[PDB]
Structures are given as structure tokens and as C-alpha cells.
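This is input.pdb (PDB, C-alpha atoms).
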ATOM      1  CA  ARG A   1       0.000   0.000   0.000
ATOM      2  CA  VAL A   2       0.913   3.672   0.185
ATOM      3  CA  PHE A   3       3.691   4.394   2.703
ATOM      4  CA  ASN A   4       2.050   6.719   5.231
ATOM      5  CA  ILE A   5       3.552   9.015   7.860
ATOM      6  CA  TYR A   6       1.372  10.124  10.773
ATOM      7  CA  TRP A   7       1.577  12.977  13.243
ATOM      8  CA  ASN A   8       0.951  11.569  16.737
ATOM      9  CA  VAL A   9       2.377  14.511  18.687
ATOM     10  CA  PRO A  10       0.307  16.496  21.223
ATOM     11  CA  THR A  11       1.018  19.812  19.462
ATOM     12  CA  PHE A  12      -2.527  20.894  20.354
ATOM     13  CA  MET A  13      -0.706  22.032  23.509
ATOM     14  CA  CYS A  14       1.096  24.611  21.353
ATOM     15  CA  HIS A  15      -2.061  26.281  20.045
ATOM     16  CA  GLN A  16      -2.023  28.678  23.002
ATOM     17  CA  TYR A  17       1.183  30.192  21.599
ATOM     18  CA  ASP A  18      -0.387  30.565  18.150
ATOM     19  CA  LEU A  19       1.396  27.481  16.839
ATOM     20  CA  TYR A  20      -1.141  25.194  15.180
ATOM     21  CA  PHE A  21       1.283  23.078  13.154
ATOM     22  CA  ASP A  22      -0.698  23.508   9.939
ATOM     23  CA  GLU A  23       2.512  22.954   7.978
ATOM     24  CA  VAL A  24       2.531  19.255   8.908
ATOM     25  CA  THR A  25       0.235  18.405   6.023
ATOM     26  CA  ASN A  26       2.366  20.384   3.560
ATOM     27  CA  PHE A  27       4.911  17.599   4.003
ATOM     28  CA  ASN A  28       2.370  14.957   3.142
ATOM     29  CA  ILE A  29       2.229  13.919   6.822
ATOM     30  CA  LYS A  30      -1.258  12.827   7.948
ATOM     31  CA  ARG A  31      -2.636  14.960  10.788
ATOM     32  CA  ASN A  32      -5.872  14.866  12.776
ATOM     33  CA  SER A  33      -8.235  17.678  11.793
ATOM     34  CA  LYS A  34      -7.866  20.719  14.083
ATOM     35  CA  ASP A  35      -4.624  19.149  15.330
ATOM     36  CA  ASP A  36      -6.483  17.293  18.110
ATOM     37  CA  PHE A  37      -4.267  14.720  19.876
ATOM     38  CA  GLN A  38      -6.903  11.990  19.792
ATOM     39  CA  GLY A  39      -8.490  12.598  16.416
ATOM     40  CA  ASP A  40      -9.875  11.298  13.152
ATOM     41  CA  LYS A  41      -6.602   9.947  11.736
ATOM     42  CA  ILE A  42      -4.970   8.496  14.829
ATOM     43  CA  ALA A  43      -5.527   8.155  18.559
ATOM     44  CA  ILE A  44      -3.375   6.589  21.262
ATOM     45  CA  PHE A  45      -4.874   5.723  24.656
ATOM     46  CA  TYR A  46      -2.471   5.474  27.577
ATOM     47  CA  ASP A  47      -3.108   2.612  30.017
ATOM     48  CA  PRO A  48      -6.891   2.633  29.279
ATOM     49  CA  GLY A  49      -9.427   0.706  31.340
ATOM     50  CA  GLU A  50      -8.167  -0.961  34.478
ATOM     51  CA  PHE A  51      -5.712  -3.685  33.548
ATOM     52  CA  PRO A  52      -4.778  -5.715  36.631
ATOM     53  CA  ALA A  53      -1.330  -4.421  37.634
ATOM     54  CA  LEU A  54       1.026  -3.465  40.450
ATOM     55  CA  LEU A  55       1.539   0.286  40.565
ATOM     56  CA  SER A  56       4.681   1.818  42.052
ATOM     57  CA  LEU A  57       3.826   4.433  44.693
ATOM     58  CA  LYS A  58       7.243   6.002  43.989
ATOM     59  CA  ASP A  59       8.595   5.264  47.483
ATOM     60  CA  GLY A  60       9.551   1.625  47.026
ATOM     61  CA  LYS A  61       6.079   0.263  47.728
ATOM     62  CA  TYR A  62       3.288  -0.918  45.427
ATOM     63  CA  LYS A  63      -0.487  -0.609  45.210
ATOM     64  CA  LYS A  64      -2.509  -3.413  43.601
ATOM     65  CA  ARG A  65      -4.884  -2.314  40.835
ATOM     66  CA  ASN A  66      -7.786  -4.657  40.018
ATOM     67  CA  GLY A  67      -6.093  -7.683  41.617
ATOM     68  CA  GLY A  68      -2.475  -6.810  40.839
ATOM     69  CA  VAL A  69      -2.066  -9.594  38.249
ATOM     70  CA  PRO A  70      -4.508 -10.719  35.534
ATOM     71  CA  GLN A  71      -5.158 -14.158  37.054
ATOM     72  CA  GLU A  72      -6.613 -12.272  40.040
ATOM     73  CA  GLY A  73      -8.343  -9.523  38.094
ATOM     74  CA  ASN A  74     -11.975  -8.698  37.493
ATOM     75  CA  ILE A  75     -12.538  -8.547  33.709
ATOM     76  CA  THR A  76     -15.901  -6.789  33.979
ATOM     77  CA  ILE A  77     -14.475  -3.800  35.879
ATOM     78  CA  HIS A  78     -11.654  -3.501  33.357
ATOM     79  CA  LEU A  79     -13.894  -3.668  30.265
ATOM     80  CA  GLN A  80     -16.437  -1.273  31.763
ATOM     81  CA  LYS A  81     -13.680   1.235  32.555
ATOM     82  CA  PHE A  82     -12.186   0.717  29.089
ATOM     83  CA  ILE A  83     -15.375   1.735  27.235
ATOM     84  CA  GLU A  84     -15.763   4.716  29.585
ATOM     85  CA  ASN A  85     -12.178   5.956  29.126
ATOM     86  CA  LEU A  86     -12.532   5.622  25.368
ATOM     87  CA  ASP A  87     -15.755   7.638  25.192
ATOM     88  CA  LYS A  88     -14.428  10.276  27.578
ATOM     89  CA  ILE A  89     -11.222  10.769  25.570
ATOM     90  CA  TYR A  90     -12.707  10.382  22.083
ATOM     91  CA  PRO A  91     -16.493   9.692  21.642
ATOM     92  CA  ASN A  92     -16.468   9.310  17.839
ATOM     93  CA  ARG A  93     -18.042   5.865  17.284
ATOM     94  CA  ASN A  94     -17.442   6.061  13.542
ATOM     95  CA  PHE A  95     -13.727   6.654  14.242
ATOM     96  CA  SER A  96     -11.974   5.066  11.275
ATOM     97  CA  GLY A  97      -8.349   5.966  11.914
ATOM     98  CA  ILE A  98      -5.538   4.152  13.700
ATOM     99  CA  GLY A  99      -6.402   3.140  17.243
ATOM    100  CA  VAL A 100      -3.459   2.483  19.517
ATOM    101  CA  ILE A 101      -3.943   0.806  22.901
ATOM    102  CA  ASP A 102      -0.848   1.698  24.928
ATOM    103  CA  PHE A 103      -0.451  -0.716  27.851
ATOM    104  CA  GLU A 104       3.096  -1.442  29.013
ATOM    105  CA  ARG A 105       2.867  -2.505  32.684
ATOM    106  CA  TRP A 106       3.410  -6.171  31.739
ATOM    107  CA  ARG A 107       3.659  -8.395  28.630
ATOM    108  CA  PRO A 108       1.473 -11.514  28.186
ATOM    109  CA  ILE A 109       4.526 -13.769  27.979
ATOM    110  CA  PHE A 110       5.676 -14.410  31.596
ATOM    111  CA  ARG A 111       9.362 -14.473  30.641
ATOM    112  CA  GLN A 112       9.207 -11.069  28.908
ATOM    113  CA  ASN A 113       8.705  -9.024  32.045
ATOM    114  CA  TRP A 114      11.967  -7.368  33.044
ATOM    115  CA  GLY A 115      12.833  -4.158  34.872
ATOM    116  CA  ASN A 116       9.756  -2.393  36.204
ATOM    117  CA  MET A 117       7.519  -5.153  34.808
ATOM    118  CA  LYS A 118       9.199  -7.954  36.753
ATOM    119  CA  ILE A 119       7.210  -7.312  39.957
ATOM    120  CA  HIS A 120       4.305  -9.040  38.209
ATOM    121  CA  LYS A 121       6.302 -12.253  37.960
ATOM    122  CA  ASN A 122       7.218 -12.130  41.659
ATOM    123  CA  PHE A 123       3.662 -11.428  42.794
ATOM    124  CA  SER A 124       2.372 -14.324  40.637
ATOM    125  CA  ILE A 125       4.969 -16.627  42.219
ATOM    126  CA  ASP A 126       4.165 -15.453  45.768
ATOM    127  CA  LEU A 127       0.499 -16.274  45.124
ATOM    128  CA  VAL A 128       1.230 -19.857  44.146
ATOM    129  CA  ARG A 129       3.800 -20.336  46.911
ATOM    130  CA  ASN A 130       1.343 -19.183  49.604
ATOM    131  CA  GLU A 131      -1.123 -21.644  48.092
ATOM    132  CA  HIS A 132       1.296 -24.576  47.938
ATOM    133  CA  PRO A 133       3.871 -24.189  50.735
ATOM    134  CA  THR A 134       5.012 -27.777  50.089
ATOM    135  CA  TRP A 135       5.807 -27.324  46.378
ATOM    136  CA  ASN A 136       9.356 -26.819  45.118
ATOM    137  CA  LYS A 137      10.628 -23.838  43.115
ATOM    138  CA  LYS A 138      10.096 -25.364  39.653
ATOM    139  CA  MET A 139       6.495 -26.384  40.394
ATOM    140  CA  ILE A 140       5.616 -22.928  41.740
ATOM    141  CA  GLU A 141       7.197 -21.055  38.817
ATOM    142  CA  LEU A 142       5.572 -23.323  36.242
ATOM    143  CA  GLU A 143       2.123 -22.922  37.781
ATOM    144  CA  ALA A 144       2.562 -19.157  38.221
ATOM    145  CA  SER A 145       3.597 -18.681  34.600
ATOM    146  CA  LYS A 146       0.653 -20.790  33.420
ATOM    147  CA  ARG A 147      -1.970 -18.742  35.325
ATOM    148  CA  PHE A 148      -0.429 -15.400  34.436
ATOM    149  CA  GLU A 149      -0.323 -16.177  30.713
ATOM    150  CA  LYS A 150      -3.827 -17.615  30.578
ATOM    151  CA  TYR A 151      -5.444 -14.520  32.002
ATOM    152  CA  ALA A 152      -3.008 -11.964  30.563
ATOM    153  CA  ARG A 153      -4.084 -13.275  27.148
ATOM    154  CA  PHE A 154      -7.787 -13.241  28.100
ATOM    155  CA  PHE A 155      -7.582  -9.602  29.224
ATOM    156  CA  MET A 156      -5.634  -8.434  26.202
ATOM    157  CA  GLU A 157      -7.780 -10.373  23.722
ATOM    158  CA  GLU A 158     -11.136  -9.248  25.150
ATOM    159  CA  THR A 159     -10.004  -5.622  25.350
ATOM    160  CA  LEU A 160      -9.110  -5.673  21.656
ATOM    161  CA  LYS A 161     -12.421  -7.343  20.712
ATOM    162  CA  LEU A 162     -14.307  -4.632  22.649
ATOM    163  CA  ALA A 163     -12.371  -1.810  20.965
ATOM    164  CA  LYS A 164     -13.146  -3.336  17.567
ATOM    165  CA  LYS A 165     -16.789  -3.936  18.471
ATOM    166  CA  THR A 166     -17.389  -0.322  19.513
ATOM    167  CA  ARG A 167     -15.209   1.315  16.820
ATOM    168  CA  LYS A 168     -15.807  -1.119  13.961
ATOM    169  CA  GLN A 169     -14.260   1.155  11.323
ATOM    170  CA  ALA A 170     -10.885   1.677  13.037
ATOM    171  CA  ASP A 171      -7.593  -0.258  12.745
ATOM    172  CA  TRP A 172      -6.637  -1.369  16.260
ATOM    173  CA  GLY A 173      -3.349  -2.520  17.734
ATOM    174  CA  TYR A 174      -1.282  -2.510  20.941
ATOM    175  CA  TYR A 175       1.652  -0.090  20.994
ATOM    176  CA  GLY A 176       5.032  -1.818  20.751
ATOM    177  CA  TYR A 177       4.077  -5.282  19.478
ATOM    178  CA  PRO A 178       5.704  -7.327  18.149
ATOM    179  CA  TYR A 179       8.809  -6.889  20.330
ATOM    180  CA  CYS A 180      12.320  -7.811  19.222
ATOM    181  CA  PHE A 181      14.807  -6.948  21.998
ATOM    182  CA  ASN A 182      17.746  -6.289  19.675
ATOM    183  CA  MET A 183      20.696  -3.968  20.404
ATOM    184  CA  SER A 184      20.762  -5.090  24.048
ATOM    185  CA  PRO A 185      23.594  -6.097  26.479
ATOM    186  CA  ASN A 186      23.736  -9.800  25.569
ATOM    187  CA  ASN A 187      22.340  -9.253  22.082
ATOM    188  CA  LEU A 188      24.117  -6.124  20.856
ATOM    189  CA  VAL A 189      23.254  -6.783  17.222
ATOM    190  CA  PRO A 190      20.379  -5.884  14.844
ATOM    191  CA  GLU A 191      18.947  -9.417  15.002
ATOM    192  CA  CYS A 192      16.011  -9.865  17.359
ATOM    193  CA  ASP A 193      16.400 -12.283  20.239
ATOM    194  CA  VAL A 194      15.765 -15.780  18.807
ATOM    195  CA  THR A 195      13.578 -16.827  21.754
ATOM    196  CA  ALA A 196      11.527 -13.679  21.137
ATOM    197  CA  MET A 197      11.132 -14.589  17.459
ATOM    198  CA  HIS A 198       9.717 -17.982  18.465
ATOM    199  CA  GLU A 199       7.385 -16.458  21.060
ATOM    200  CA  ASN A 200       6.180 -13.972  18.446
ATOM    201  CA  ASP A 201       5.355 -16.927  16.167
ATOM    202  CA  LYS A 202       3.064 -18.264  18.893
ATOM    203  CA  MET A 203       1.260 -14.963  19.542
ATOM    204  CA  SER A 204      -1.046 -15.052  16.503
ATOM    205  CA  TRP A 205      -3.948 -14.989  18.980
ATOM    206  CA  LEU A 206      -3.056 -11.339  19.519
ATOM    207  CA  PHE A 207      -1.827 -10.329  16.066
ATOM    208  CA  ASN A 208      -4.719 -11.934  14.144
ATOM    209  CA  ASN A 209      -7.101  -9.692  16.053
ATOM    210  CA  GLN A 210      -5.226  -6.487  15.302
ATOM    211  CA  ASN A 211      -5.559  -4.490  12.083
ATOM    212  CA  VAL A 212      -2.025  -3.036  12.343
ATOM    213  CA  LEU A 213       1.367  -3.940  13.919
ATOM    214  CA  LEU A 214       3.023  -1.140  15.880
ATOM    215  CA  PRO A 215       6.680  -1.844  16.700
ATOM    216  CA  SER A 216       8.527   1.014  18.397
ATOM    217  CA  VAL A 217      11.879   2.009  17.002
ATOM    218  CA  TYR A 218      13.065   4.768  19.351
ATOM    219  CA  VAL A 219      16.846   5.159  19.242
ATOM    220  CA  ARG A 220      19.345   6.128  21.947
ATOM    221  CA  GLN A 221      22.346   8.457  22.151
ATOM    222  CA  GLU A 222      24.326   5.707  23.900
ATOM    223  CA  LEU A 223      24.285   3.695  20.622
ATOM    224  CA  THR A 224      26.625   4.600  17.731
ATOM    225  CA  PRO A 225      24.932   6.052  14.617
ATOM    226  CA  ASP A 226      25.227   2.635  12.960
ATOM    227  CA  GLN A 227      23.851   0.721  15.948
ATOM    228  CA  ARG A 228      20.883   3.101  15.803
ATOM    229  CA  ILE A 229      20.180   2.039  12.198
ATOM    230  CA  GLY A 230      20.608  -1.603  13.211
ATOM    231  CA  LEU A 231      18.125  -1.175  16.075
ATOM    232  CA  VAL A 232      15.530   0.095  13.611
ATOM    233  CA  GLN A 233      16.467  -2.503  10.965
ATOM    234  CA  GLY A 234      15.873  -5.491  13.233
ATOM    235  CA  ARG A 235      12.587  -4.281  14.674
ATOM    236  CA  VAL A 236      10.960  -3.462  11.327
ATOM    237  CA  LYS A 237      12.223  -6.765   9.882
ATOM    238  CA  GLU A 238      10.644  -8.740  12.783
ATOM    239  CA  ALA A 239       7.268  -6.919  12.515
ATOM    240  CA  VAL A 240       7.254  -7.453   8.719
ATOM    241  CA  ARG A 241       8.183 -11.133   9.178
ATOM    242  CA  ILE A 242       5.330 -11.539  11.659
ATOM    243  CA  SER A 243       2.840  -9.728   9.377
ATOM    244  CA  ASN A 244       3.865 -11.829   6.339
ATOM    245  CA  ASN A 245       3.308 -15.021   8.328
ATOM    246  CA  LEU A 246      -0.247 -14.054   9.318
ATOM    247  CA  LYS A 247      -3.438 -14.638   7.337
ATOM    248  CA  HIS A 248      -4.270 -11.020   6.526
ATOM    249  CA  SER A 249      -0.783  -9.452   6.659
ATOM    250  CA  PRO A 250      -1.611  -6.360   8.783
ATOM    251  CA  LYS A 251       0.156  -3.118   7.884
ATOM    252  CA  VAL A 252       3.300  -2.358   9.871
ATOM    253  CA  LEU A 253       3.494   1.207  11.216
ATOM    254  CA  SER A 254       6.627   1.981  13.248
ATOM    255  CA  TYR A 255       6.489   4.310  16.254
ATOM    256  CA  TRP A 256       9.280   6.875  15.922
ATOM    257  CA  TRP A 257      10.389   9.770  18.157
ATOM    258  CA  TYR A 258      12.269  12.963  17.179
ATOM    259  CA  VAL A 259      14.421  13.063  20.346
ATOM    260  CA  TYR A 260      16.745  10.403  21.802
ATOM    261  CA  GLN A 261      15.066   8.077  24.274
ATOM    262  CA  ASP A 262      17.945   8.538  26.728
ATOM    263  CA  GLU A 263      18.441  12.257  26.015
ATOM    264  CA  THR A 264      14.949  13.676  25.500
ATOM    265  CA  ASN A 265      16.095  17.278  25.191
ATOM    266  CA  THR A 266      18.181  16.454  22.131
ATOM    267  CA  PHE A 267      16.606  16.088  18.699
ATOM    268  CA  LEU A 268      17.752  13.375  16.319
ATOM    269  CA  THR A 269      20.471  14.652  13.998
ATOM    270  CA  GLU A 270      19.427  15.031  10.361
ATOM    271  CA  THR A 271      21.497  11.945   9.520
ATOM    272  CA  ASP A 272      19.656   9.834  12.100
ATOM    273  CA  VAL A 273      16.250  10.987  10.809
ATOM    274  CA  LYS A 274      17.204  10.303   7.207
ATOM    275  CA  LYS A 275      18.789   6.922   7.967
ATOM    276  CA  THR A 276      16.110   5.624  10.332
ATOM    277  CA  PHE A 277      13.300   6.576   7.897
ATOM    278  CA  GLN A 278      15.099   4.903   5.010
ATOM    279  CA  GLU A 279      15.628   1.815   7.169
ATOM    280  CA  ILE A 280      11.884   1.607   7.882
ATOM    281  CA  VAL A 281      11.193   1.929   4.158
ATOM    282  CA  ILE A 282      13.899  -0.519   3.067
ATOM    283  CA  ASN A 283      12.736  -3.236   5.430
ATOM    284  CA  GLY A 284       9.143  -3.370   4.253
ATOM    285  CA  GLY A 285       7.439  -0.987   6.648
ATOM    286  CA  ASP A 286       4.082   0.466   5.590
ATOM    287  CA  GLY A 287       4.541   3.721   7.416
ATOM    288  CA  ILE A 288       5.783   5.796  10.317
ATOM    289  CA  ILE A 289       3.989   7.280  13.310
ATOM    290  CA  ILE A 290       5.864  10.270  14.694
ATOM    291  CA  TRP A 291       5.226  10.272  18.443
ATOM    292  CA  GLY A 292       5.724  13.004  20.988
ATOM    293  CA  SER A 293       5.546  13.404  24.754
ATOM    294  CA  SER A 294       3.605  16.179  26.508
ATOM    295  CA  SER A 295       7.035  17.148  27.867
ATOM    296  CA  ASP A 296       8.115  17.894  24.295
ATOM    297  CA  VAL A 297       5.569  20.678  23.855
ATOM    298  CA  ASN A 298       5.053  22.152  27.323
ATOM    299  CA  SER A 299       6.664  25.545  26.565
ATOM    300  CA  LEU A 300       6.835  28.185  23.829
ATOM    301  CA  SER A 301      10.547  27.596  23.187
ATOM    302  CA  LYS A 302      10.003  23.840  22.882
ATOM    303  CA  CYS A 303       7.042  24.342  20.551
ATOM    304  CA  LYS A 304       9.015  26.771  18.366
ATOM    305  CA  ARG A 305      11.963  24.342  18.354
ATOM    306  CA  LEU A 306       9.628  21.594  17.181
ATOM    307  CA  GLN A 307       8.188  23.839  14.469
ATOM    308  CA  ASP A 308      11.603  24.706  13.005
ATOM    309  CA  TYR A 309      12.719  21.075  13.172
ATOM    310  CA  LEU A 310       9.638  20.214  11.157
ATOM    311  CA  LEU A 311      10.195  22.860   8.469
ATOM    312  CA  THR A 312      13.962  22.443   8.096
ATOM    313  CA  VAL A 313      14.711  18.806   8.982
ATOM    314  CA  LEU A 314      11.734  16.466   9.495
ATOM    315  CA  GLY A 315       9.216  17.717   6.944
ATOM    316  CA  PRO A 316      11.622  17.730   3.961
ATOM    317  CA  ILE A 317      12.757  14.198   4.780
ATOM    318  CA  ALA A 318       9.184  13.005   5.342
ATOM    319  CA  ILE A 319       7.801  14.299   2.044
ATOM    320  CA  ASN A 320      10.959  13.152   0.259
ATOM    321  CA  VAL A 321      10.467   9.647   1.639
ATOM    322  CA  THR A 322       6.859   9.578   0.443
ATOM    323  CA  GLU A 323       7.337  11.750  -2.668
ATOM    324  CA  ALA A 324      11.030  11.310  -3.608
TER     325      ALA A 324
END
Kindly return the structure encoded in the file as C-alpha cells.
Amino acid sequence: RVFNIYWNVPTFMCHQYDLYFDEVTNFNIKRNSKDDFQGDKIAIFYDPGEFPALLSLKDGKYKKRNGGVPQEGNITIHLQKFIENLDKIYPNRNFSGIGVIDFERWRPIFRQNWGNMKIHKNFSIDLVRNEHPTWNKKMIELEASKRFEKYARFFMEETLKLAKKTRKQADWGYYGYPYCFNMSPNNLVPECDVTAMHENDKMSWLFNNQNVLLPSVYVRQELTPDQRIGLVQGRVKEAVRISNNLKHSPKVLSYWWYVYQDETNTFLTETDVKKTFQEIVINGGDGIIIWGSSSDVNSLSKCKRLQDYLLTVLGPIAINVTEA
């Protein structure tokens, strides 16, 4: 299909300074009418509903939300809150754009919960241990993983079916999937982790119910310019591989950010923008979704910076990529 680039930046927050980013469309970049954040072309919903999860109180402690882990959650409360959140943020029932469900507190594959997601593994294990004090470590871990995955899948699958049922004309997908985990400490190469590739093969239950795949290809300053290209290369390749292996080959739209993930006050150099866009194109991507944080447009200076970047760096490259 036509390679599309979308504007998923909350620049509506710049309107107060008389900056409406009307130039976005001059570069053939798709933008919601009136520059609304959640609009007719695209809409991302952050942690919508009430997914069972363990929330950090920011003092070392946690607060359970709807059971803490999916195997202990109440699906009705989550789904009810999901429909509410969706209507409150963007009523439009005939919405026909790209719908992005952004939930990152845990992943449905037990093993894939590291860093701030790992607490969900530990809580799942503690539940089984308290239930079977006599069991050994292996038995407890196996049973915990089984329960977590069963219900994590149920929650994610039903949430997607509800989004599609109430916004039948939109293309839905979860932000970030399919994951790759390339350019990491013990896998500092473009190639995705092999175990991850295999787990992605077995996640058709999720991908078959999405109308788009949304891998995220944010780059970091701590990587060399070439490792940055490799990070993008591997992630687009994996999403395209996954799409090609599915029945309806959903379009692959890569989430991309104009600042470095580990240095958010620094914009990508022109070389990095050019090279990462070309890498998305070259590897079979169907488009790019330019994302932005509220922090990126919470001041006049920042908004003006963004505007110039668009007119002198980003826009030219964008239209050139789609109109070369």
C-alpha cells in the first residue's frame, strides 16, 4: 500500500502560543483535523481501562490495581472502565483511523517481564507459593507462569475485541508489538532475540485480532549512529516477518520519536532521521507514526523548536520519503 507518515504529537498544547502546526500536512504527513491529539486519523490511549497491575507508589512500595495480576483480576471492571475511558477521551463511534492501545505494565509472555515489569512475575509466584507451601521452586514457577499467561491473554484479547466492536471502522493494535529486543547487552546486534522470534510466532492470537502492527523504534544516544540504524532494521524486519506469516498481513506502522530516548532534550540529527526513515522503508514498513511526549511541547521555546525542526529537517525528509 501507500507508505504513510502520521503525526501523533500532542502539538494541540502549542495552540495557546499561536502554533497550530498547519505545515505538517504540507509535508504529506497525515494529521488529525484541528490538530487534536486523539483525532480522526490516529488516537493513542495510555493505560486505558483498568488492567490488573502493580503500581509503584514512587517510594519503594506498590499498590494493587484490580487484583495486581490478571489471574486475580476482574474482567468486567476492566472492560467497563475501558469503554468509559474511550468515550471520555474520544467519543467518535465512527472513528476510522488508527487506534493504539498503549499498555506497558506487563507483557502476556511471563518471561518477557523485566525491569519495572518484573514485579508481576514475583507477585504471581508469591500467590502460588502461599497456596502450595510444600511445592518446590520449579512447580511454583511453572504454575505461576501458566496462570499469568492464561489470564493476561484473556484480558488483552477481550479488550481488543471490545475496541473493535465499539469502533468497527478503526484499525486497532497494541503499541510496541511485536517486540524484538535487539541492540541489548547480551544481544548487541540488529537481530532480534531468537527466543523472542519464536514467542512472536506463537502470539497469533493477539496479532490476528489487530488491524495493524506497531513496533517502536526509538533510538538512543548511547548507541553509535550505525547501531541506531541496526536497532531500527531489526525491529521493522521482525514486525514485517510476523505480518507476512499471518493470514491477513496487517500493515506495519513503526512508532518513531524525534528526540533520543535517553536524552529527551536532544533532537535526532538530520542523519539519524534520514537513515532511520530509510531503514523503515527498506525493510518493508508500511509507514511511520511520529510520536511526541507532553514534555516535548510544554513551553513556547520547545514548541518553536519543534516547528523549526519540522520545516527544516523532518518535513523535507518526510515528504521526500513519500514523494522522492
Long-range neighbours of residue 205 of chain A as a PyMOL selection string, 10 Å cut-off, only C-alpha atoms, 6 positions minimum in chain: chain A and resi 153+156-157
For residue 45 of chain A, list every protein, DNA or RNA residue within 6 Å, evaluated using all atoms listed in the file, and leave out those in the same chain fewer than 2 positions away; present the list as a VMD selection string. chain A and resid 48 101 to 102
For a test of reading the model, state the distance in Å between atom CA of residue 204 of chain A and atom CA of residue 234 of chain A, rounded to one decimal.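 Rounded to one decimal, the two atoms are 19.7 Å apart.
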Which one of A:192, A:59, A:223, A:31 sits closest to residue 237 of chain A if you count all atoms listed in the file?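 Using all atoms listed in the file, the shortest distance to residue 237 of chain A belongs to A:192.
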Leaving out residue 103 of chain A and any residue of its chain fewer than 6 positions from it, which residues lie within 10 Å of it when counting all atoms listed in the file, given as number ranges by chain? A: 45-49, 51, 156, 174-176
To test your reading of the syntax: which residues would the PyMOL selection byres ((chain A and resi 213-216) around 10) return for the file shown? Reply as a count of residues only. 41
When the PyMOL selection byres ((chain A and resi 27) around 7) is applied to the structure above, which residues does it catch, written out as a list in words?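 With the PyMOL selection byres ((chain A and resi 27) around 7) on this model, the match is residues 24, 25, 26, 28, 29, 315, 316, 318 and 319 of chain A.
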